[PDB]
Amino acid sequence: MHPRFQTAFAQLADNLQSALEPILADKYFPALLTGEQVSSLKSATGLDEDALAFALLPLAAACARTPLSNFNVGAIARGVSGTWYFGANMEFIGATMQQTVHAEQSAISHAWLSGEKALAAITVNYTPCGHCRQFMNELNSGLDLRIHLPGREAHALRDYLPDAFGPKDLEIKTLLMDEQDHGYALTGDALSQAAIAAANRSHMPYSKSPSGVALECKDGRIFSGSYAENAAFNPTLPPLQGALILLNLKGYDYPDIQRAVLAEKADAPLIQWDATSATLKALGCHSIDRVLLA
């Protein structure tokens, strides 16, 4: 078991510990559970889906990286496929408050990046901030997404964001998690191609600036992040954060990032290069290359 899960797991109910212990055995447990795995957990405990999601929030919160706040928040995004994706918040010393990722952004990006086509609900152990309510309104699930919070009745997103602003207001009809492929040819080495492929999936209807970052670990594992804009602009998830969300949830740590590549257009109205370099250098990576899309 990856040590981050040790105390969380110790606090779990006996029959749940028993059902999970095979799954969490592996140090690189992918912070995700398939439909088959949630069925097993339900049979071993008698918990229904919403109660199981709440019981599991301590393992999601165990993936939080919180050097400034020490306020660990876990979220679980339940895909329409039946897969459950964990998510946790990350704060980066040496960067700015704008580089923070929230537990909800982590869980939704985990699902989108894994190829999930839509979400049915998200369970979080603390009420969503307004920045994440706005993030969630970018999704193809719209205001109907169900939010589950400890000790409250479930509600759709429309209840947490009354009289909402979102894509419709700027006449945008392609929503985050819809099928997007921008068609750039992949070139370069493995890492450059991962970065361009990530850029090909980006949600960027407002600036039309596609980008993707790919991180190569010391053991050769690659983690890629696509750019996801938001109608309120600032809740946008930068490309780097996607890659870092996956790296952390899959069991790795910043010390084993070996090199990174950012792919983007040179003439794009928004430029990710400076924030990507700066945050990666703050994390200790110094091998950052940029690939240009055409």
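When you see a residue number, it is the position in the sequence shown, counting from 1.
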Task: Stretch with the greater mean C-alpha B-factor as recorded in the entry, comparing 165 to 173 against 196 to 204 - done: 165 to 173
TODO: Decide which of the stretches 212 to 220 and 96 to 104 has the higher mean C-alpha B-factor, going by the entry.
DONE: 212 to 220
TODO: Among the candidates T34, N248, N70, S226, give the one with the maximum CA B-factor reported in the record.
DONE: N70
Task: Member of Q258, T66, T45, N230 with the greatest C-alpha B factor (per the PDB record) - done: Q258
Task: Ranked against its chain, the third holding the CA B-factor of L16 - done: highest
Task: CA B-factor ranking of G151, expressed as a third of its chain - done: highest
Open item on the list: Based on the deposited C-alpha B factors for this chain, I'd like to know if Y160 is in the lowest, middle or highest third.
Closed with: middle
TODO: Among all modelled residues of this chain, ranked by Cα B factor, put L56 in the bottom, middle or top third, i.e. lowest, middle or highest.
DONE: middle
TODO: Name the third of the chain's ranked CA B-factors that contains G115, choosing lowest, middle or highest.
DONE: middle
